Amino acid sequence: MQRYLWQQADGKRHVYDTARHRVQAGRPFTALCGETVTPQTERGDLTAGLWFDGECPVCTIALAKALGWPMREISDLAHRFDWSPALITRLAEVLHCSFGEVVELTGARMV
């Protein structure tokens, strides 16, 4: 079984640690980004062919980091998401570098 897998829940496609959680409709799990979420059939969460929500930016970057990417390649990745203060400060709780380093990584406030 792979260590990390994707699962849509609460409006985004999150990543979870399969050594920590088993996914099931109506059961909460906590994603790599730290949000505790519950897959719901009404949101299309239990049919992966119907997963139309956008990827969770925090989980996507957390997964790249967990997989050992250098900061420069993680930075290229992050550039394709929109980063609100909620998301940026959530990513800073996951990464171990300085908050300024997180903000620079996201490319979120740079033209």
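In case it trips you up, residue 1 is the first one in the sequence shown, and so on.
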property	result
Between the two ranges 4-12 and 101-109, the one averaging a larger CA B factor in the entry	101-109
Selected stretch [higher average CA B-factor]: 52-60 or 65-73	65-73
Largest Cα B-factor, entry values, listed residues 23, 19, 87, 94	94
B-factor third for the C-alpha atom of residue 79 within its chain	highest
